[PDB]
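Participant: mmCIF, C-alpha atoms and all ligand atoms, file data_3.cif:
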data_upload
#
loop_
_atom_site.label_atom_id
_atom_site.label_comp_id
_atom_site.auth_asym_id
_atom_site.auth_seq_id
_atom_site.Cartn_x
_atom_site.Cartn_y
_atom_site.Cartn_z
CA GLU A 1 8.79 15.34 19.39
CA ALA A 2 8.66 13.70 15.97
CA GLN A 3 6.50 10.81 17.22
CA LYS A 4 3.61 13.12 18.17
CA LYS A 5 4.08 14.51 14.65
CA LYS A 6 3.91 11.06 13.10
CA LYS A 7 0.59 10.52 14.85
CA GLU A 8 -0.62 13.88 13.52
CA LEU A 9 0.31 13.12 9.89
CA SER A 10 -1.31 9.68 10.21
CA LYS A 11 -4.58 11.25 11.38
CA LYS A 12 -4.52 13.74 8.46
CA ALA A 13 -4.00 10.91 5.99
CA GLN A 14 -6.94 8.99 7.43
CA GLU A 15 -9.11 12.05 7.14
CA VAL A 16 -8.18 12.26 3.44
CA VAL A 17 -10.15 9.00 2.95
CA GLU A 18 -12.98 10.21 5.20
CA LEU A 19 -13.40 13.39 3.19
CA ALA A 20 -13.20 11.61 -0.18
CA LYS A 21 -16.16 9.51 0.95
CA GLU A 22 -17.97 12.80 1.70
CA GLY A 23 -17.21 14.31 -1.72
CA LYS A 24 -15.12 17.08 -0.08
CA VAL A 25 -12.38 16.45 -2.60
CA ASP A 26 -10.61 19.84 -2.40
CA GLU A 27 -10.35 19.61 1.39
CA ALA A 28 -8.92 16.05 1.14
CA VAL A 29 -6.41 17.32 -1.42
CA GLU A 30 -5.43 20.13 0.94
CA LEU A 31 -4.88 17.65 3.77
CA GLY A 32 -2.70 15.42 1.58
CA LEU A 33 -0.51 18.33 0.43
CA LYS A 34 0.03 19.31 4.05
CA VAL A 35 1.08 15.73 4.88
CA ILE A 36 3.55 15.84 1.98
CA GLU A 37 4.95 19.24 2.91
CA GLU A 38 5.29 18.48 6.64
CA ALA A 39 6.80 15.02 5.92
CA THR A 40 9.33 16.31 3.37
CA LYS A 41 10.57 19.00 5.76
CA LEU A 42 10.87 16.56 8.66
CA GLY A 43 12.20 13.85 6.30
CA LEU A 44 9.73 11.08 7.28
CA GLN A 45 9.26 8.63 4.38
CA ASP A 46 6.98 6.30 6.37
CA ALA A 47 4.36 9.08 6.80
CA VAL A 48 4.48 9.58 3.00
CA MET A 49 4.17 5.81 2.37
CA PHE A 50 1.11 5.63 4.61
CA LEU A 51 -0.27 8.68 2.79
CA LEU A 52 0.10 6.85 -0.55
CA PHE A 53 -1.82 3.85 0.82
CA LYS A 54 -4.60 6.18 1.97
CA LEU A 55 -4.60 8.05 -1.37
CA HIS A 56 -5.26 4.73 -3.10
CA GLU A 57 -8.22 4.20 -0.76
CA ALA A 58 -9.52 7.68 -1.68
CA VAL A 59 -9.29 6.77 -5.39
CA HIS A 60 -11.38 3.70 -4.49
CA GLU A 61 -14.05 5.88 -2.87
CA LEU A 62 -14.19 8.35 -5.79
CA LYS A 63 -14.35 5.63 -8.47
CA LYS A 64 -17.19 4.04 -6.53
CA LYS A 65 -19.11 7.31 -6.84
CA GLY A 66 -18.16 7.75 -10.51
CA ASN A 67 -16.46 11.10 -9.80
CA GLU A 68 -13.74 11.27 -12.44
CA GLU A 69 -12.86 14.89 -11.60
CA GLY A 70 -12.21 14.04 -7.96
CA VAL A 71 -10.20 11.03 -9.14
CA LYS A 72 -8.02 13.34 -11.23
CA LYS A 73 -7.47 15.64 -8.26
CA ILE A 74 -6.54 12.74 -5.95
CA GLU A 75 -4.24 11.28 -8.57
CA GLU A 76 -2.28 14.54 -8.89
CA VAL A 77 -1.67 14.46 -5.15
CA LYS A 78 -0.69 10.76 -5.59
CA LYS A 79 2.00 11.57 -8.16
CA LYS A 80 3.28 14.38 -5.92
CA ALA A 81 3.54 11.99 -2.96
CA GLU A 82 5.42 9.49 -5.15
CA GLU A 83 7.97 12.12 -6.16
CA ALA A 84 8.45 13.24 -2.56
CA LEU A 85 8.77 9.60 -1.46
CA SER A 86 11.49 8.91 -4.04
CA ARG A 87 13.45 11.92 -2.82
CA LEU A 88 13.24 10.76 0.80
CA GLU B 1 16.40 -13.33 15.64
CA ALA B 2 14.21 -10.51 14.30
CA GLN B 3 14.35 -11.59 10.64
CA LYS B 4 12.54 -14.81 11.59
CA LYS B 5 9.77 -12.83 13.30
CA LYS B 6 9.47 -10.50 10.30
CA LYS B 7 8.97 -13.43 7.90
CA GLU B 8 6.48 -15.07 10.29
CA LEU B 9 4.39 -11.89 10.43
CA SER B 10 4.58 -11.52 6.64
CA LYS B 11 3.24 -15.09 6.38
CA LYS B 12 0.33 -14.30 8.68
CA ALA B 13 -0.41 -11.19 6.60
CA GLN B 14 -0.64 -13.27 3.42
CA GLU B 15 -2.89 -15.78 5.13
CA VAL B 16 -5.28 -12.97 6.11
CA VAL B 17 -5.89 -12.51 2.36
CA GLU B 18 -6.28 -16.23 1.63
CA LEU B 19 -8.67 -16.63 4.57
CA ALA B 20 -10.70 -13.66 3.32
CA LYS B 21 -10.91 -15.33 -0.13
CA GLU B 22 -12.33 -18.50 1.46
CA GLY B 23 -14.84 -16.51 3.52
CA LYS B 24 -13.02 -17.21 6.83
CA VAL B 25 -13.26 -13.61 8.00
CA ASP B 26 -13.32 -14.15 11.77
CA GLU B 27 -10.09 -16.14 11.52
CA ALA B 28 -8.54 -13.46 9.27
CA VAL B 29 -9.47 -10.78 11.83
CA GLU B 30 -7.81 -12.89 14.52
CA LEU B 31 -4.57 -13.31 12.56
CA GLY B 32 -4.56 -9.58 11.84
CA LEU B 33 -4.86 -8.67 15.51
CA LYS B 34 -2.00 -11.12 16.23
CA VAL B 35 0.17 -9.38 13.61
CA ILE B 36 -0.55 -6.02 15.23
CA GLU B 37 0.28 -7.34 18.71
CA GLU B 38 3.57 -8.97 17.77
CA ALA B 39 4.84 -6.15 15.54
CA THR B 40 3.82 -3.58 18.17
CA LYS B 41 5.82 -5.37 20.87
CA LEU B 42 8.77 -5.81 18.49
CA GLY B 43 8.59 -2.29 17.01
CA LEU B 44 8.24 -3.63 13.45
CA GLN B 45 6.89 -0.69 11.41
CA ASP B 46 7.15 -2.37 8.01
CA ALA B 47 5.44 -5.48 9.34
CA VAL B 48 2.35 -3.34 10.05
CA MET B 49 2.71 -1.46 6.74
CA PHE B 50 2.69 -4.78 4.88
CA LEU B 51 -0.27 -6.01 6.93
CA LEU B 52 -2.14 -2.84 5.85
CA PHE B 53 -1.38 -3.61 2.19
CA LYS B 54 -2.77 -7.11 2.73
CA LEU B 55 -5.86 -5.81 4.55
CA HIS B 56 -6.67 -3.73 1.46
CA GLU B 57 -6.32 -6.88 -0.68
CA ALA B 58 -8.71 -8.68 1.70
CA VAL B 59 -11.23 -5.84 1.22
CA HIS B 60 -10.92 -6.26 -2.57
CA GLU B 61 -11.67 -10.01 -2.19
CA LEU B 62 -14.67 -9.43 0.03
CA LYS B 63 -16.10 -6.74 -2.29
CA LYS B 64 -15.89 -9.19 -5.23
CA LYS B 65 -18.05 -11.53 -3.16
CA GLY B 66 -20.44 -8.79 -2.02
CA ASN B 67 -19.71 -9.59 1.66
CA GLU B 68 -20.19 -6.25 3.36
CA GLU B 69 -20.22 -7.58 6.94
CA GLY B 70 -16.80 -9.08 6.23
CA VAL B 71 -15.61 -5.80 4.75
CA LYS B 72 -16.65 -4.06 7.97
CA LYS B 73 -14.72 -6.52 10.13
CA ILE B 74 -11.62 -6.15 7.98
CA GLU B 75 -11.83 -2.36 8.06
CA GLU B 76 -12.12 -2.41 11.86
CA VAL B 77 -8.84 -4.37 12.00
CA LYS B 78 -7.41 -2.00 9.41
CA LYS B 79 -8.21 0.97 11.62
CA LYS B 80 -6.48 -0.76 14.55
CA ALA B 81 -3.40 -1.50 12.42
CA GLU B 82 -3.30 2.13 11.22
CA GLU B 83 -3.40 3.23 14.87
CA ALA B 84 -0.49 0.96 15.77
CA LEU B 85 1.49 2.21 12.77
CA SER B 86 1.10 5.80 14.03
CA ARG B 87 2.72 4.79 17.32
CA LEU B 88 5.59 2.96 15.61
CA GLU C 1 24.35 7.79 -4.31
CA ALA C 2 21.50 6.29 -2.28
CA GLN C 3 18.96 8.89 -3.44
CA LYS C 4 19.90 8.40 -7.10
CA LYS C 5 19.25 4.65 -6.93
CA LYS C 6 16.05 5.04 -4.90
CA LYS C 7 14.79 7.50 -7.50
CA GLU C 8 15.62 5.17 -10.42
CA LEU C 9 13.75 2.31 -8.78
CA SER C 10 10.77 4.61 -8.07
CA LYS C 11 10.62 5.43 -11.80
CA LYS C 12 10.90 1.77 -12.74
CA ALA C 13 8.00 0.86 -10.43
CA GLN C 14 5.98 3.64 -12.11
CA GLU C 15 6.86 2.40 -15.59
CA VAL C 16 5.50 -1.00 -14.54
CA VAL C 17 2.03 0.60 -14.28
CA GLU C 18 2.60 2.45 -17.56
CA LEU C 19 3.36 -0.74 -19.43
CA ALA C 20 0.43 -2.56 -17.83
CA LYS C 21 -1.83 0.31 -18.98
CA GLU C 22 -0.47 0.23 -22.55
CA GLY C 23 -1.11 -3.53 -22.53
CA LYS C 24 2.56 -4.65 -22.42
CA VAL C 25 2.22 -7.23 -19.66
CA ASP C 26 5.39 -9.26 -20.41
CA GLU C 27 7.47 -6.09 -20.36
CA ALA C 28 5.94 -4.97 -17.04
CA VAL C 29 6.63 -8.43 -15.53
CA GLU C 30 10.30 -8.29 -16.51
CA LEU C 31 10.80 -4.73 -15.28
CA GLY C 32 9.13 -5.71 -12.00
CA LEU C 33 11.55 -8.63 -11.64
CA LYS C 34 14.54 -6.37 -12.32
CA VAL C 35 13.28 -4.02 -9.60
CA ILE C 36 13.03 -6.89 -7.08
CA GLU C 37 16.55 -8.08 -7.89
CA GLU C 38 18.29 -4.70 -7.66
CA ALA C 39 16.29 -3.68 -4.57
CA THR C 40 17.30 -6.98 -2.96
CA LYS C 41 21.00 -6.78 -3.72
CA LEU C 42 21.08 -3.21 -2.37
CA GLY C 43 19.00 -3.89 0.80
CA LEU C 44 16.28 -1.44 -0.31
CA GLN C 45 13.14 -2.55 1.49
CA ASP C 46 11.34 0.75 0.92
CA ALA C 47 11.83 0.42 -2.84
CA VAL C 48 10.10 -2.98 -2.69
CA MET C 49 7.23 -1.54 -0.64
CA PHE C 50 6.70 1.11 -3.29
CA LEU C 51 6.91 -1.57 -6.00
CA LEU C 52 4.16 -3.62 -4.26
CA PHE C 53 1.95 -0.52 -4.14
CA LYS C 54 2.46 0.00 -7.90
CA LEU C 55 1.91 -3.69 -8.73
CA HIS C 56 -1.45 -3.44 -7.01
CA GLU C 57 -2.14 -0.44 -9.27
CA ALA C 58 -1.14 -2.60 -12.25
CA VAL C 59 -3.64 -5.25 -11.13
CA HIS C 60 -6.33 -2.54 -10.93
CA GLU C 61 -5.54 -1.54 -14.54
CA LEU C 62 -5.56 -5.09 -15.91
CA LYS C 63 -8.81 -6.05 -14.17
CA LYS C 64 -10.22 -2.89 -15.77
CA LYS C 65 -9.47 -4.39 -19.16
CA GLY C 66 -10.80 -7.76 -17.93
CA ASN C 67 -7.41 -9.35 -18.72
CA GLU C 68 -7.26 -12.34 -16.35
CA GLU C 69 -3.98 -13.78 -17.67
CA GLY C 70 -2.12 -10.51 -17.20
CA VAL C 71 -3.50 -10.24 -13.68
CA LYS C 72 -2.21 -13.72 -12.81
CA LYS C 73 1.23 -12.81 -14.18
CA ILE C 74 1.39 -9.53 -12.26
CA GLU C 75 0.20 -11.20 -9.03
CA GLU C 76 2.94 -13.81 -9.17
CA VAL C 77 5.44 -10.98 -9.54
CA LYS C 78 3.70 -9.47 -6.50
CA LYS C 79 4.25 -12.74 -4.61
CA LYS C 80 7.97 -12.56 -5.45
CA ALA C 81 8.11 -8.96 -4.19
CA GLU C 82 6.33 -9.97 -0.98
CA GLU C 83 8.87 -12.74 -0.26
CA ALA C 84 11.89 -10.50 -0.90
CA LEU C 85 10.36 -7.80 1.30
CA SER C 86 10.03 -10.46 4.02
CA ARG C 87 13.78 -11.07 3.84
CA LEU C 88 14.73 -7.37 3.92
NI NI D 101 -7.13 -1.34 -4.47
#
Could you write out this structure as structure tokens?
Facilitator:
Amino acid sequence: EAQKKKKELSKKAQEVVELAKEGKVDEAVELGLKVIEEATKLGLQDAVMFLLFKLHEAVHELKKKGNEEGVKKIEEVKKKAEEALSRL
Amino acid sequence: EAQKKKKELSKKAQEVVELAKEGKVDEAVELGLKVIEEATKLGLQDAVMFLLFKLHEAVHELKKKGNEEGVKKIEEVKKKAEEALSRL
Amino acid sequence: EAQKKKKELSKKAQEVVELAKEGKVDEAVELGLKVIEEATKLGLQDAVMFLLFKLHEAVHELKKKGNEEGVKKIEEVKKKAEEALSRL
């Protein structure tokens, strides 16, 4: 049921922000890639759009802590989500 | 018709930002809950997506003013809107 | 055909941020307007959502250079995008 799946992808995206605030940047990246992959297979653009919103919030959190490396990492996942969004 | 409701909810979403700018955070919270309720009963996904965009702008405005209690209130309503978007 | 056009407008919204970053505000404004117009004619609400996301990124960039005029210009383009989105 794709609606249970939408809820699952939404929760993963929110945890991306939570983990950026914690400095667990690689884990947040992992969660965002799994949102992208799962959303591109099941063709759900709105899950990707929400992911992009949340990725912007994670950039906020990392800038606030002056972590440029984490910002780079998050921004790579951002560009990937933008490509996948365009194709959906 | 449903176009009228979509524009109305967009209007309320913009006012949330203006109210946040003027320090009227309780009122902005109230308008934001209203947007969630109406879009949720009309199944308007993009209405909530737009509201989320505007809630981020309201957080920007309250950070500029160093109003962290306001930021908390807005983020509480943001969490609620995110929840509704998952179910939509 | 739909995916080709959606992809072109994704790239245009990205080039908006590029041109803001390189300090070409006028050029970003005009590209943003062209995106709104084409998106509107074609009924492409998701393209306008993505454009709004990128215009907020353009604001981020311009406030980073402390360029208040450019910000005002980009934010009125944002207001145009928000209205068109309301009617889509
Ligand atoms: Ni922002």
Participant: For a quick check of understanding, using only C-alpha atoms and all ligand atoms, which of A:69, A:83, A:61, A:75 has the smallest distance to ligand NI 101 (chain D)?
Facilitator: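 That would be A:61, the residue with the smallest distance to ligand NI 101 (chain D).
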Participant: In Å, how far is it from atom CA of residue 11 of chain A to atom CA of residue 65 of chain A?
Facilitator: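 About the pair atom CA of residue 11 of chain A and atom CA of residue 65 of chain A: they are 23.6 Å apart.
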Participant: Up to 8 Å from chain B, what residues of chain C turn up? Count all atoms listed in the file and give them as a PyMOL selection string.
Facilitator: chain C and resi 49+53+82+86-88
Participant: Rounded to one decimal in Å, what is the spacing between atom CA of residue 67 of chain B and atom CA of residue 23 of chain B?
Facilitator: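 Interatomic distance, atom CA of residue 67 of chain B to atom CA of residue 23 of chain B: 8.7 Å.
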Participant: List as a ChimeraX atom specification the protein and nucleic acid residues near residue 54 of chain A, meaning an atom at most 10 Å away when only C-alpha atoms are counted, but skip any in the same chain fewer than 3 places from it.
Facilitator: /A:10,12-18,32,48-51,57-60,78
Participant: Just give me the gap between atom CA of residue 28 of chain C and atom CA of residue 66 of chain C in Å, one decimal is fine.
Facilitator: 17.0 Å
Participant: Check the smallest atom-to-atom distance from each of B:19, B:52, B:30, B:40 to ligand NI 101 (chain D) using only C-alpha atoms and all ligand atoms, then report the winner.
Facilitator: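 Checking each candidate against ligand NI 101 (chain D), we get B:52 as the closest.
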Participant: Could you check the closest approach to ligand NI 101 (chain D) for each of A:55, A:36, A:22, A:80 and tell me which residue wins, using all atoms listed in the file?
Facilitator: A:55
Participant: Point out the residue among A:63, A:21, A:79, A:41 with the least atom-to-atom distance to ligand NI 101 (chain D), counting only C-alpha atoms and all ligand atoms.
Facilitator: A:63
Participant: Hey, which of B:2, B:25, B:20, B:62 ends up closest to ligand NI 101 (chain D)? Count all atoms listed in the file.
Facilitator: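 Distance minimum relative to ligand NI 101 (chain D) lands on B:62.
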Participant: Let me make sure I understand: among C:73, C:34, C:24, C:64, which one has the smallest atom-to-atom distance to ligand NI 101 (chain D) if we use all atoms listed in the file?
Facilitator: C:64
Participant: Pull segment 50-86 of chain B out of the block and emit N, CA and C atoms, as an mmCIF file, in the first residue's frame.
Facilitator:
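Contents of the output file out-v1.cif:
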data_model
loop_
_atom_site.group_PDB
_atom_site.id
_atom_site.type_symbol
_atom_site.label_atom_id
_atom_site.label_comp_id
_atom_site.auth_asym_id
_atom_site.auth_seq_id
_atom_site.Cartn_x
_atom_site.Cartn_y
_atom_site.Cartn_z
ATOM 1 N N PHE B 50 3.037 23.897 0.203
ATOM 2 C CA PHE B 50 3.259 25.334 0.178
ATOM 3 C C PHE B 50 3.303 25.899 1.592
ATOM 4 N N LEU B 51 2.324 25.528 2.428
ATOM 5 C CA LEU B 51 2.367 25.945 3.824
ATOM 6 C C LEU B 51 3.730 25.630 4.451
ATOM 7 N N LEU B 52 4.297 24.448 4.164
ATOM 8 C CA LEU B 52 5.579 24.074 4.766
ATOM 9 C C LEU B 52 6.689 25.026 4.318
ATOM 10 N N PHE B 53 6.758 25.286 3.003
ATOM 11 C CA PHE B 53 7.604 26.358 2.466
ATOM 12 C C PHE B 53 7.464 27.672 3.267
ATOM 13 N N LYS B 54 6.226 28.105 3.468
ATOM 14 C CA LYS B 54 6.019 29.350 4.195
ATOM 15 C C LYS B 54 6.416 29.225 5.664
ATOM 16 N N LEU B 55 6.228 28.052 6.278
ATOM 17 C CA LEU B 55 6.638 27.915 7.678
ATOM 18 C C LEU B 55 8.157 28.048 7.813
ATOM 19 N N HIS B 56 8.900 27.538 6.835
ATOM 20 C CA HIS B 56 10.345 27.757 6.832
ATOM 21 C C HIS B 56 10.676 29.250 6.727
ATOM 22 N N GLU B 57 9.987 29.979 5.847
ATOM 23 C CA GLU B 57 10.202 31.429 5.765
ATOM 24 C C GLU B 57 9.889 32.127 7.094
ATOM 25 N N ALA B 58 8.860 31.661 7.803
ATOM 26 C CA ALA B 58 8.523 32.257 9.101
ATOM 27 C C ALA B 58 9.623 32.000 10.122
ATOM 28 N N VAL B 59 10.256 30.814 10.051
ATOM 29 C CA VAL B 59 11.404 30.506 10.916
ATOM 30 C C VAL B 59 12.585 31.431 10.604
ATOM 31 N N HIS B 60 12.899 31.613 9.315
ATOM 32 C CA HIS B 60 13.888 32.630 8.929
ATOM 33 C C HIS B 60 13.596 33.965 9.637
ATOM 34 N N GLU B 61 12.366 34.481 9.481
ATOM 35 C CA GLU B 61 12.030 35.799 10.029
ATOM 36 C C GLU B 61 12.182 35.830 11.550
ATOM 37 N N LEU B 62 11.796 34.757 12.226
ATOM 38 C CA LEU B 62 11.935 34.779 13.673
ATOM 39 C C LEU B 62 13.378 34.569 14.138
ATOM 40 N N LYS B 63 14.236 33.935 13.322
ATOM 41 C CA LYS B 63 15.653 33.838 13.687
ATOM 42 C C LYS B 63 16.327 35.197 13.563
ATOM 43 N N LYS B 64 16.030 35.935 12.482
ATOM 44 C CA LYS B 64 16.518 37.308 12.324
ATOM 45 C C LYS B 64 16.249 38.150 13.565
ATOM 46 N N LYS B 65 15.086 37.974 14.170
ATOM 47 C CA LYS B 65 14.708 38.722 15.354
ATOM 48 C C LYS B 65 15.107 38.032 16.653
ATOM 49 N N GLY B 66 15.811 36.902 16.588
ATOM 50 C CA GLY B 66 16.264 36.244 17.802
ATOM 51 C C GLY B 66 15.141 35.800 18.714
ATOM 52 N N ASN B 67 13.983 35.430 18.143
ATOM 53 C CA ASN B 67 12.791 35.036 18.898
ATOM 54 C C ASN B 67 12.720 33.512 18.920
ATOM 55 N N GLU B 68 13.360 32.898 19.914
ATOM 56 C CA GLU B 68 13.421 31.438 19.859
ATOM 57 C C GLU B 68 12.141 30.769 20.353
ATOM 58 N N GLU B 69 11.380 31.408 21.253
ATOM 59 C CA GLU B 69 10.069 30.868 21.619
ATOM 60 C C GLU B 69 9.140 30.813 20.402
ATOM 61 N N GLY B 70 9.162 31.873 19.589
ATOM 62 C CA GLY B 70 8.380 31.886 18.370
ATOM 63 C C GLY B 70 8.808 30.782 17.427
ATOM 64 N N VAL B 71 10.120 30.633 17.245
ATOM 65 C CA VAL B 71 10.647 29.562 16.405
ATOM 66 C C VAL B 71 10.122 28.207 16.870
ATOM 67 N N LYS B 72 10.095 27.976 18.187
ATOM 68 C CA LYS B 72 9.566 26.713 18.685
ATOM 69 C C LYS B 72 8.119 26.536 18.260
ATOM 70 N N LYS B 73 7.292 27.565 18.489
ATOM 71 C CA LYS B 73 5.880 27.441 18.137
ATOM 72 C C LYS B 73 5.716 27.113 16.653
ATOM 73 N N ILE B 74 6.478 27.811 15.810
ATOM 74 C CA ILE B 74 6.347 27.595 14.375
ATOM 75 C C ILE B 74 6.763 26.176 14.038
ATOM 76 N N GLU B 75 7.821 25.679 14.677
ATOM 77 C CA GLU B 75 8.300 24.343 14.337
ATOM 78 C C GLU B 75 7.327 23.269 14.802
ATOM 79 N N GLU B 76 6.629 23.510 15.916
ATOM 80 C CA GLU B 76 5.554 22.609 16.328
ATOM 81 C C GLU B 76 4.489 22.518 15.239
ATOM 82 N N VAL B 77 4.069 23.675 14.707
ATOM 83 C CA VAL B 77 3.061 23.646 13.628
ATOM 84 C C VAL B 77 3.647 23.034 12.366
ATOM 85 N N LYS B 78 4.940 23.230 12.136
ATOM 86 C CA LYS B 78 5.589 22.590 11.002
ATOM 87 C C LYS B 78 5.530 21.074 11.124
ATOM 88 N N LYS B 79 5.853 20.555 12.308
ATOM 89 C CA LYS B 79 5.781 19.120 12.518
ATOM 90 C C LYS B 79 4.378 18.611 12.217
ATOM 91 N N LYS B 80 3.353 19.315 12.715
ATOM 92 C CA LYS B 80 1.972 18.898 12.444
ATOM 93 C C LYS B 80 1.665 18.911 10.943
ATOM 94 N N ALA B 81 2.115 19.948 10.238
ATOM 95 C CA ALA B 81 1.880 20.004 8.796
ATOM 96 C C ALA B 81 2.587 18.859 8.065
ATOM 97 N N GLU B 82 3.828 18.562 8.460
ATOM 98 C CA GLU B 82 4.575 17.440 7.904
ATOM 99 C C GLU B 82 3.804 16.132 8.089
ATOM 100 N N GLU B 83 3.257 15.938 9.296
ATOM 101 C CA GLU B 83 2.440 14.762 9.587
ATOM 102 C C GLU B 83 1.271 14.668 8.626
ATOM 103 N N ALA B 84 0.528 15.773 8.467
ATOM 104 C CA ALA B 84 -0.626 15.758 7.574
ATOM 105 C C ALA B 84 -0.209 15.450 6.144
ATOM 106 N N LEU B 85 0.932 15.998 5.715
ATOM 107 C CA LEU B 85 1.410 15.767 4.356
ATOM 108 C C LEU B 85 1.715 14.295 4.120
ATOM 109 N N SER B 86 2.213 13.593 5.150
ATOM 110 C CA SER B 86 2.455 12.153 5.028
ATOM 111 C C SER B 86 1.163 11.400 4.727
#
